[PDB]
Amino acid sequence: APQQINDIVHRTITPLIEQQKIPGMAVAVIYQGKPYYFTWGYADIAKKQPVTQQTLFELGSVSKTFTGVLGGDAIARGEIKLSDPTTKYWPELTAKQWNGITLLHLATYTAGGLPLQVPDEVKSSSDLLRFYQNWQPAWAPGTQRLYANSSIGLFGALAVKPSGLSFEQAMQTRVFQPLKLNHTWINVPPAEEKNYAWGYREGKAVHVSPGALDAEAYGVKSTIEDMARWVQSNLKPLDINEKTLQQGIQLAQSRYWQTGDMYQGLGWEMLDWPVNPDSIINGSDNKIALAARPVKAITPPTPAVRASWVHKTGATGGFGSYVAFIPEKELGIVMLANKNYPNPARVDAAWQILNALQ
Ligand SMILES: *[B]([O])([O])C1=[C][C]=C(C2=[C][C]=C(B([O])[O])[C]=[C]2)[C]=[C]1
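Residues numbered from 1 in each chain as written, not as in the entry; some residues may be left out. Heavy atoms only, no water. Residues with missing side-chain atoms left out of burial classes, pairs and counts.

Note the following rule: UniProt positions are given in the numbering used here, feature names are shortened, and annotations may be inferred rather than shown by experiment.
Looking at the PDB entry, one finds the chain named beta-lactamase and attributed to Escherichia coli. Its PDB record names the entry "X-ray crystal structure of AmpC beta-lactamase from E. coli in complex with the inhibitor 4,4'-biphenyldiboronic acid". Annotation of the chain in UniProt includes, under Sequence similarities, the sentence "Belongs to the class-C beta-lactamase family."

**Quick notes on the overall build of the chain**
Condition: Counting from the N terminus, the helices are the DSSP runs of H or I reaching at least four residues and the strands are the DSSP runs of E reaching at least two. Our radius of gyration is a C-alpha quantity, and the globule rule it is checked against amounts to 2.2 Å times the number of residues to the power 0.38. Whether two residues are in contact is decided by their heavy atoms, any of which lying within 4.5 Å being enough.
For the chain, the count of helices and strands is 12 helices and 16 strands. Here the C-alpha atoms of the chain give a radius of gyration of 19 Å, agreeing with the 21 Å that 2.2 N^0.38 yields for 358 residues. Each of the three principal axes of the chain carries a C-alpha extent, and together these read 60 × 40 × 40 Å. The long-range fraction of contacts in the chain, counting pairs at least 24 apart against all pairs at least 6 apart in sequence, stands at 70%.

**Some points on the sheet that holds strand 1 (residues 24-31)**
Here is the rule we go by: Paired strands are those between which DSSP finds at least two bridges. In this analysis an axis means a line fitted to C-alpha atoms, helices contributing only their contacting stretch, and an angle means the value between N-to-C directions, from 0 to 180 degrees.
Read across the sheet, 10 strands follow the order 3-2-1-16-15-14-11-10-9-13 without closing on themselves; strand pairing throughout is antiparallel. Single-partner strands in this sheet number two, and they are strand 3 (49-50) and strand 13 (296-302). Relative to strand 16 (residues 331-337), helix 8 (residues 224-235) is tilted by about 150°, and along the sheet it contacts strand 1, strand 2 (34-44), strand 15 (320-326) and strand 16.

**Regarding the UniProt feature "binding site: a beta-lactam" in the chain**
For the record, the criterion: Only protein chains enter the accessibility calculation, which uses a 1.4 Å probe; a residue is then buried when its area is under 20% of its type maximum, exposed when over 50%, and partly exposed in between.
Under the local residue numbering, the UniProt record ascribes the feature "binding site: a beta-lactam" to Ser 61, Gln 117, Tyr 147, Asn 149, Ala 315 and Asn 340. Inspection of the secondary structure puts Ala 315 in strand 14 (residues 308-315). Sequence-distant contacts of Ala 315, defined by excluding residues within four places in its chain, comprise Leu 59, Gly 60, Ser 61, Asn 340 and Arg 346. The residue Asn 340 is located in the loop between strand 16 and helix 12 (343-356) in this model. Look at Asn 340 and you get partly exposed, because its relative accessible area is 36%. With residues up to four places along the chain from it excluded, the contact list for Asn 340 reads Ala 315, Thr 316, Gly 317, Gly 318, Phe 319, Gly 320 and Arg 346.

**As for unusual backbone geometry**
Residue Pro 274 is bonded to the preceding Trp 273 through a cis peptide linkage, with omega at 0°. Tracing the chain through its elements places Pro 274 in the loop between strand 11 (269-272) and helix 10 (277-284). In this model, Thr 299 is joined to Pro 300 through a cis peptide bond whose omega is 0°. Looking at the element boundaries, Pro 300 is found in strand 13. Within the chain, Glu 202 stands out as a residue other than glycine whose phi angle is a positive 50°. Unusually for a residue other than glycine, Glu 330 sits at a positive phi of about 55°. The exposure class of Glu 330 is partly exposed, given its relative accessible area of 30%.

See the structure below:
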């Protein structure tokens, strides 16, 4: 890799790992449409297994980008419309508060205050229905944004219903397979466990626990290589052969709502490039990212803007991931670590790296 990329990456990541006490890390920089990989530390501290380009990391909420794109693919296929009412795909959802709540709302966290987490007690199909029937909106739909798994997770499950495929099967067949993400999983198979890194929380080795709508909202595990390939596919969707997938990727980068200077896509969040570092850095901090904010509808949605900083943070109990790319610059980065460290530190480092690369 160019000494320039090598120097900036190392100059930035070294102190990051040291200050955050990150056990293991893998980084991919996509420069002029080509990936460059870097790895440090351990995937498994106890068994002394190093992080390699084949190490699997939990993506946490970066999984929402795969869900937004899978959903976009369904839209392009003509199986669903974001303007459809949620009840069109779940007629059993009869409670009156659902009138007016569309798939767009679910996809974008703007249904009116659906919670960040689906309650732990919700673990059954009937339990899910019950939960949604009893949920009381705090706001009218399309007025406030509240980052939530119960919102996009539901969008995810409803989105694949017409296809007749299960969510994992649709994700694999319609997204993973066509893009050659052959080491990306919702459920990691036994044959691949040897590559599955342990996450670390307060010193303990941990893996994400099962939960309602986990696949749809935070359950994908991947390698730095496949994540780099994901970034490339998102940087140049026109290069994708499967027509509807190309269209789905574009739809997920369209701007549907604006909050402060951030725009909500399907899973991906975007800001106009150039961006103010402090704006994406401070904005990624959960004190802002997880808060209730008024939103302005973009009527109609702006098609994917090539001059944007497209990104998404992701976390599980033991993992911290980040993905960011600038279509206009053919530039991107993937940062996967097996420790959930502050979002600001992630964005700060990613910005130092990409800014120095143009
Ligand atoms: B929990 O009830 O233990 C629970 C479940 C899911 C989350 C969660 C997962 C992923 C993201 B994303 O931003 O990485 C946010 C929240 C939290 C708690």
